[PDB]
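Heads up, final29.cif below (mmCIF, C-alpha atoms; chains and numbers go by the auth columns):
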data_target
#
loop_
_atom_site.group_PDB
_atom_site.id
_atom_site.type_symbol
_atom_site.label_atom_id
_atom_site.label_comp_id
_atom_site.label_asym_id
_atom_site.label_seq_id
_atom_site.Cartn_x
_atom_site.Cartn_y
_atom_site.Cartn_z
_atom_site.B_iso_or_equiv
_atom_site.auth_seq_id
_atom_site.auth_asym_id
ATOM 1 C CA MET A 1 -3.217 -105.882 101.719 0.00 1 A
ATOM 2 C CA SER A 2 -0.706 -104.033 99.522 0.00 2 A
ATOM 3 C CA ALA A 3 -2.622 -104.895 96.318 0.00 3 A
ATOM 4 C CA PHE A 4 -5.175 -102.283 97.391 0.00 4 A
ATOM 5 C CA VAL A 5 -2.977 -100.194 99.720 0.00 5 A
ATOM 6 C CA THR A 6 -0.403 -99.453 96.998 0.00 6 A
ATOM 7 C CA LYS A 7 -3.139 -98.529 94.495 0.00 7 A
ATOM 8 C CA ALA A 8 -4.721 -96.234 97.109 0.00 8 A
ATOM 9 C CA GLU A 9 -1.470 -94.266 97.478 0.00 9 A
ATOM 10 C CA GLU A 10 -1.366 -93.620 93.721 0.00 10 A
ATOM 11 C CA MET A 11 -4.982 -92.394 93.872 0.00 11 A
ATOM 12 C CA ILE A 12 -4.309 -89.762 96.548 0.00 12 A
ATOM 13 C CA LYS A 13 -1.134 -88.766 94.671 0.00 13 A
ATOM 14 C CA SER A 14 -2.746 -86.932 91.744 0.00 14 A
ATOM 15 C CA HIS A 15 -6.203 -86.902 93.364 0.00 15 A
ATOM 16 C CA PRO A 16 -5.583 -85.784 96.997 0.00 16 A
ATOM 17 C CA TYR A 17 -8.960 -84.011 97.162 0.00 17 A
ATOM 18 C CA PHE A 18 -11.094 -87.161 96.971 0.00 18 A
ATOM 19 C CA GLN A 19 -14.481 -87.659 98.644 0.00 19 A
ATOM 20 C CA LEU A 20 -15.883 -91.165 99.138 0.00 20 A
ATOM 21 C CA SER A 21 -19.668 -90.715 98.981 0.00 21 A
ATOM 22 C CA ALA A 22 -22.638 -93.009 98.257 0.00 22 A
ATOM 23 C CA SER A 23 -25.060 -93.139 95.312 0.00 23 A
ATOM 24 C CA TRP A 24 -28.326 -92.554 97.205 0.00 24 A
ATOM 25 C CA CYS A 25 -27.818 -92.027 100.953 0.00 25 A
ATOM 26 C CA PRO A 26 -29.264 -89.445 103.424 0.00 26 A
ATOM 27 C CA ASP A 27 -25.668 -88.353 104.109 0.00 27 A
ATOM 28 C CA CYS A 28 -24.458 -88.311 100.490 0.00 28 A
ATOM 29 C CA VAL A 29 -27.298 -85.949 99.523 0.00 29 A
ATOM 30 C CA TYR A 30 -25.919 -83.473 102.093 0.00 30 A
ATOM 31 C CA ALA A 31 -22.283 -83.461 100.907 0.00 31 A
ATOM 32 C CA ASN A 32 -23.457 -83.385 97.275 0.00 32 A
ATOM 33 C CA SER A 33 -26.023 -80.673 98.020 0.00 33 A
ATOM 34 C CA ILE A 34 -23.443 -78.244 99.435 0.00 34 A
ATOM 35 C CA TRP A 35 -20.930 -79.039 96.673 0.00 35 A
ATOM 36 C CA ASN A 36 -23.594 -78.623 93.971 0.00 36 A
ATOM 37 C CA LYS A 37 -24.793 -75.345 95.519 0.00 37 A
ATOM 38 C CA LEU A 38 -21.264 -73.963 95.962 0.00 38 A
ATOM 39 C CA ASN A 39 -20.438 -74.743 92.301 0.00 39 A
ATOM 40 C CA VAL A 40 -17.077 -76.186 93.373 0.00 40 A
ATOM 41 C CA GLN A 41 -17.194 -79.563 91.603 0.00 41 A
ATOM 42 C CA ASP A 42 -14.080 -78.710 89.553 0.00 42 A
ATOM 43 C CA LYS A 43 -11.373 -77.917 92.125 0.00 43 A
ATOM 44 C CA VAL A 44 -12.360 -81.090 94.012 0.00 44 A
ATOM 45 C CA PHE A 45 -12.915 -84.677 92.860 0.00 45 A
ATOM 46 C CA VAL A 46 -15.964 -86.501 94.201 0.00 46 A
ATOM 47 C CA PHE A 47 -16.637 -90.179 93.453 0.00 47 A
ATOM 48 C CA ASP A 48 -19.811 -92.137 94.225 0.00 48 A
ATOM 49 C CA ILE A 49 -19.739 -95.802 95.253 0.00 49 A
ATOM 50 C CA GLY A 50 -23.224 -97.306 95.148 0.00 50 A
ATOM 51 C CA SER A 51 -23.311 -99.633 92.106 0.00 51 A
ATOM 52 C CA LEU A 52 -20.621 -101.844 93.677 0.00 52 A
ATOM 53 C CA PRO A 53 -22.380 -104.828 95.373 0.00 53 A
ATOM 54 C CA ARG A 54 -21.659 -106.174 98.875 0.00 54 A
ATOM 55 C CA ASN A 55 -18.644 -108.082 97.490 0.00 55 A
ATOM 56 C CA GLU A 56 -16.920 -104.917 96.232 0.00 56 A
ATOM 57 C CA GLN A 57 -18.135 -102.885 99.226 0.00 57 A
ATOM 58 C CA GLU A 58 -16.179 -105.109 101.639 0.00 58 A
ATOM 59 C CA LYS A 59 -12.952 -104.639 99.652 0.00 59 A
ATOM 60 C CA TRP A 60 -13.402 -100.850 99.545 0.00 60 A
ATOM 61 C CA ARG A 61 -14.248 -100.809 103.272 0.00 61 A
ATOM 62 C CA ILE A 62 -11.009 -102.571 104.264 0.00 62 A
ATOM 63 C CA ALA A 63 -8.993 -100.553 101.723 0.00 63 A
ATOM 64 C CA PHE A 64 -10.196 -97.179 103.041 0.00 64 A
ATOM 65 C CA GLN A 65 -9.619 -98.407 106.612 0.00 65 A
ATOM 66 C CA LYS A 66 -5.944 -98.917 105.726 0.00 66 A
ATOM 67 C CA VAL A 67 -5.689 -95.486 104.064 0.00 67 A
ATOM 68 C CA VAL A 68 -7.293 -93.504 106.892 0.00 68 A
ATOM 69 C CA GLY A 69 -9.596 -95.742 108.947 0.00 69 A
ATOM 70 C CA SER A 70 -13.183 -94.942 107.964 0.00 70 A
ATOM 71 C CA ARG A 71 -15.576 -97.864 107.434 0.00 71 A
ATOM 72 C CA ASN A 72 -18.509 -95.519 106.734 0.00 72 A
ATOM 73 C CA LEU A 73 -19.686 -93.149 103.982 0.00 73 A
ATOM 74 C CA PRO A 74 -19.536 -90.416 103.073 0.00 74 A
ATOM 75 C CA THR A 75 -15.934 -89.376 103.788 0.00 75 A
ATOM 76 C CA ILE A 76 -13.704 -86.371 103.037 0.00 76 A
ATOM 77 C CA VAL A 77 -10.015 -87.072 102.368 0.00 77 A
ATOM 78 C CA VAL A 78 -7.732 -84.065 101.831 0.00 78 A
ATOM 79 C CA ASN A 79 -4.033 -84.112 100.837 0.00 79 A
ATOM 80 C CA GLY A 80 -4.133 -87.902 101.270 0.00 80 A
ATOM 81 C CA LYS A 81 -5.594 -87.913 104.785 0.00 81 A
ATOM 82 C CA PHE A 82 -8.971 -87.673 106.528 0.00 82 A
ATOM 83 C CA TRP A 83 -9.562 -83.941 106.988 0.00 83 A
ATOM 84 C CA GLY A 84 -13.352 -83.866 107.346 0.00 84 A
ATOM 85 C CA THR A 85 -16.299 -86.107 108.233 0.00 85 A
ATOM 86 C CA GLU A 86 -20.082 -86.041 107.697 0.00 86 A
ATOM 87 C CA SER A 87 -20.416 -84.457 111.170 0.00 87 A
ATOM 88 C CA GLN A 88 -17.775 -81.749 110.633 0.00 88 A
ATOM 89 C CA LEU A 89 -19.963 -80.307 107.854 0.00 89 A
ATOM 90 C CA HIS A 90 -22.978 -79.826 110.142 0.00 90 A
ATOM 91 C CA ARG A 91 -20.760 -78.921 113.124 0.00 91 A
ATOM 92 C CA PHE A 92 -19.063 -76.083 111.209 0.00 92 A
ATOM 93 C CA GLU A 93 -22.192 -74.851 109.395 0.00 93 A
ATOM 94 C CA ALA A 94 -24.015 -74.604 112.739 0.00 94 A
ATOM 95 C CA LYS A 95 -21.271 -72.352 114.135 0.00 95 A
ATOM 96 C CA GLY A 96 -21.067 -70.364 110.898 0.00 96 A
ATOM 97 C CA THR A 97 -17.336 -70.925 110.328 0.00 97 A
ATOM 98 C CA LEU A 98 -17.537 -73.466 107.465 0.00 98 A
ATOM 99 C CA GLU A 99 -16.742 -70.869 104.779 0.00 99 A
ATOM 100 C CA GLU A 100 -13.571 -69.717 106.568 0.00 100 A
ATOM 101 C CA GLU A 101 -12.568 -73.359 107.098 0.00 101 A
ATOM 102 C CA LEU A 102 -13.039 -74.098 103.374 0.00 102 A
ATOM 103 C CA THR A 103 -10.759 -71.152 102.509 0.00 103 A
ATOM 104 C CA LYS A 104 -8.047 -72.338 104.940 0.00 104 A
ATOM 105 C CA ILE A 105 -7.487 -75.544 102.931 0.00 105 A
ATOM 106 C CA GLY A 106 -7.195 -73.453 99.760 0.00 106 A
ATOM 107 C CA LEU A 107 -10.446 -74.485 98.058 0.00 107 A
ATOM 108 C CA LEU A 108 -12.046 -71.034 97.777 0.00 108 A
ATOM 109 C CA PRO A 109 -10.246 -67.743 96.934 0.00 109 A
#

Could you take the file, read its structure, and then write that structure out as structure tokens?
Amino acid sequence: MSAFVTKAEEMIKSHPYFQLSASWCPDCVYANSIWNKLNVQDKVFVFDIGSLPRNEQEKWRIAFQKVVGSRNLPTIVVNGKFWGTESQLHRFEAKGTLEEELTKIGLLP
């Protein structure tokens, strides 16, 4: 695409810690719940994409697919690359090693 691919690169440049979530989805509520409970909405940048109709959704879908390859929300992109998914959150929490994992990336002290 380029028109969208190039713009995507500039986004991850200054905003590498970006999370593509929804506005009102059963999955978004989870990612937003943990982030809102951990009080870590400053070190990371989360953006919701629900207002955008089906026309804009398609564009974003293809764009994200070119950046990492995820045609589904929510999504966790770290240092300009898919580092975590909606399943990784529940998979790590279940084991009880999510906290340690979050510190590895350099999010928590």

Within 12 Å of residue 32 of chain A using all atoms listed in the file, minus same-chain residues under 2 positions, as an MDAnalysis selection string:
chainID A and resid 19:30 34:41 44:48 74:76 86 89

So which residues get picked by the PyMOL selection byres ((chain A and resi 78-85) around 9) here, written as a PyMOL selection string?
chain A and resi 9+11-13+15-19+67-70+73-77+86-89+105

Would you save the residues from that selection as a short mmCIF file (atom, residue, chain, number, x, y, z; two decimals), in the frame of the given file, using C-alpha atoms?
data_model
loop_
_atom_site.label_atom_id
_atom_site.label_comp_id
_atom_site.auth_asym_id
_atom_site.auth_seq_id
_atom_site.Cartn_x
_atom_site.Cartn_y
_atom_site.Cartn_z
CA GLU A 9 -1.47 -94.27 97.48
CA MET A 11 -4.98 -92.39 93.87
CA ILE A 12 -4.31 -89.76 96.55
CA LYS A 13 -1.13 -88.77 94.67
CA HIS A 15 -6.20 -86.90 93.36
CA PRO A 16 -5.58 -85.78 97.00
CA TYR A 17 -8.96 -84.01 97.16
CA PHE A 18 -11.09 -87.16 96.97
CA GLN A 19 -14.48 -87.66 98.64
CA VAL A 67 -5.69 -95.49 104.06
CA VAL A 68 -7.29 -93.50 106.89
CA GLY A 69 -9.60 -95.74 108.95
CA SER A 70 -13.18 -94.94 107.96
CA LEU A 73 -19.69 -93.15 103.98
CA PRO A 74 -19.54 -90.42 103.07
CA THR A 75 -15.93 -89.38 103.79
CA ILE A 76 -13.70 -86.37 103.04
CA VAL A 77 -10.02 -87.07 102.37
CA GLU A 86 -20.08 -86.04 107.70
CA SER A 87 -20.42 -84.46 111.17
CA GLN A 88 -17.77 -81.75 110.63
CA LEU A 89 -19.96 -80.31 107.85
CA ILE A 105 -7.49 -75.54 102.93
#

In Å to one decimal, how far is atom CA of residue 33 of chain A from atom CA of residue 53 of chain A?
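So the two atoms, atom CA of residue 53 of chain A and atom CA of residue 33 of chain A, lie 24.6 Å apart.
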
Atom-to-atom span, atom CA of residue 43 of chain A and atom CA of residue 107 of chain A, Å:
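Computing the Euclidean distance for atom CA of residue 43 of chain A and atom CA of residue 107 of chain A yields 6.9 Å.
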
Could you pull the residues within 10 Å of residue 71 of chain A, counting all atoms listed in the file, minus those fewer than 6 positions along the same chain, as an mmCIF file with C-alpha atoms, keeping the file's coordinate frame?
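Produced file out_5.cif, reproduced below:
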data_model
loop_
_atom_site.group_PDB
_atom_site.id
_atom_site.type_symbol
_atom_site.label_atom_id
_atom_site.label_comp_id
_atom_site.auth_asym_id
_atom_site.auth_seq_id
_atom_site.Cartn_x
_atom_site.Cartn_y
_atom_site.Cartn_z
ATOM 1 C CA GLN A 57 -18.135 -102.885 99.226
ATOM 2 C CA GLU A 58 -16.179 -105.109 101.639
ATOM 3 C CA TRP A 60 -13.402 -100.850 99.545
ATOM 4 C CA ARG A 61 -14.248 -100.809 103.272
ATOM 5 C CA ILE A 62 -11.009 -102.571 104.264
ATOM 6 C CA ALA A 63 -8.993 -100.553 101.723
ATOM 7 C CA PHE A 64 -10.196 -97.179 103.041
ATOM 8 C CA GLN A 65 -9.619 -98.407 106.612
#

If you take every atom of segment 78-87 of chain A that the file lists and fit an axis-aligned box around them with 4 Å extra on each side, what centre and edge lengths come out in Å to one decimal, as AutoDock Vina command-line options?
--center_x -12.2 --center_y -85.9 --center_z 106.0 --size_x 24.4 --size_y 12.0 --size_z 18.3

Counting only C-alpha atoms, which of A:101, A:42, A:49, A:2 gets nearest to residue 72 of chain A?
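When distances to residue 72 of chain A are compared using only C-alpha atoms, the smallest one comes from A:49.
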
Report, in Å with one decimal, the straight-line distance from atom CA of residue 106 of chain A to atom CA of residue 90 of chain A.
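Distance between the two atoms: 19.9 Å.
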
Assuming the input is short of atoms at segment 79-96 of chain A, produce N, CA, C and O atoms for that part as a tab-separated table (two decimals), in the frame of the given file.
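Okay, part02.tsv is ready:
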chain	number	residue	atom	x	y	z
A	79	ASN	N	-5.49	-83.92	100.90
A	79	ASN	CA	-4.03	-84.11	100.84
A	79	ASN	C	-3.63	-85.51	101.31
A	79	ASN	O	-2.63	-85.68	102.01
A	80	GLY	N	-4.41	-86.52	100.91
A	80	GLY	CA	-4.13	-87.90	101.27
A	80	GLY	C	-4.28	-88.20	102.75
A	80	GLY	O	-3.45	-88.91	103.33
A	81	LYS	N	-5.34	-87.68	103.37
A	81	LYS	CA	-5.59	-87.91	104.78
A	81	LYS	C	-6.94	-87.33	105.21
A	81	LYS	O	-7.31	-86.22	104.80
A	82	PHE	N	-7.66	-88.08	106.03
A	82	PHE	CA	-8.97	-87.67	106.53
A	82	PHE	C	-8.91	-86.28	107.16
A	82	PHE	O	-8.29	-86.09	108.21
A	83	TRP	N	-9.55	-85.32	106.50
A	83	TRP	CA	-9.56	-83.94	106.99
A	83	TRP	C	-10.96	-83.52	107.45
A	83	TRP	O	-11.09	-82.58	108.24
A	84	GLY	N	-11.99	-84.21	106.96
A	84	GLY	CA	-13.35	-83.87	107.35
A	84	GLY	C	-14.30	-85.05	107.29
A	84	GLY	O	-14.14	-85.94	106.45
A	85	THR	N	-15.30	-85.04	108.18
A	85	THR	CA	-16.30	-86.11	108.23
A	85	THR	C	-17.70	-85.55	107.98
A	85	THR	O	-17.88	-84.34	107.85
A	86	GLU	N	-18.69	-86.44	107.92
A	86	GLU	CA	-20.08	-86.04	107.70
A	86	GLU	C	-20.60	-85.13	108.82
A	86	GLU	O	-21.52	-84.34	108.61
A	87	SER	N	-20.01	-85.26	110.01
A	87	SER	CA	-20.42	-84.46	111.17
A	87	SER	C	-19.76	-83.08	111.15
A	87	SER	O	-20.38	-82.09	111.55
A	88	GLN	N	-18.51	-83.01	110.70
A	88	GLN	CA	-17.77	-81.75	110.63
A	88	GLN	C	-18.51	-80.72	109.77
A	88	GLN	O	-18.44	-79.52	110.04
A	89	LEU	N	-19.21	-81.19	108.75
A	89	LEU	CA	-19.96	-80.31	107.85
A	89	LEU	C	-21.09	-79.60	108.61
A	89	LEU	O	-21.24	-78.39	108.52
A	90	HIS	N	-21.87	-80.38	109.36
A	90	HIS	CA	-22.98	-79.83	110.14
A	90	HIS	C	-22.47	-79.08	111.38
A	90	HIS	O	-23.08	-78.10	111.81
A	91	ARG	N	-21.35	-79.54	111.94
A	91	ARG	CA	-20.76	-78.92	113.12
A	91	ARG	C	-20.22	-77.52	112.81
A	91	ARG	O	-20.34	-76.61	113.62
A	92	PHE	N	-19.62	-77.37	111.62
A	92	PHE	CA	-19.06	-76.08	111.21
A	92	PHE	C	-20.16	-75.13	110.73
A	92	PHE	O	-20.16	-73.95	111.08
A	93	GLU	N	-21.09	-75.65	109.92
A	93	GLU	CA	-22.19	-74.85	109.40
A	93	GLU	C	-23.02	-74.25	110.53
A	93	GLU	O	-23.43	-73.09	110.46
A	94	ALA	N	-23.25	-75.05	111.58
A	94	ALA	CA	-24.02	-74.60	112.74
A	94	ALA	C	-23.35	-73.40	113.41
A	94	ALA	O	-24.03	-72.45	113.80
A	95	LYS	N	-22.02	-73.44	113.52
A	95	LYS	CA	-21.27	-72.35	114.14
A	95	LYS	C	-21.16	-71.15	113.19
A	95	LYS	O	-21.05	-70.01	113.64
A	96	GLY	N	-21.18	-71.42	111.88
A	96	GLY	CA	-21.07	-70.36	110.90
A	96	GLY	C	-19.62	-70.07	110.53
A	96	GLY	O	-19.30	-68.95	110.14
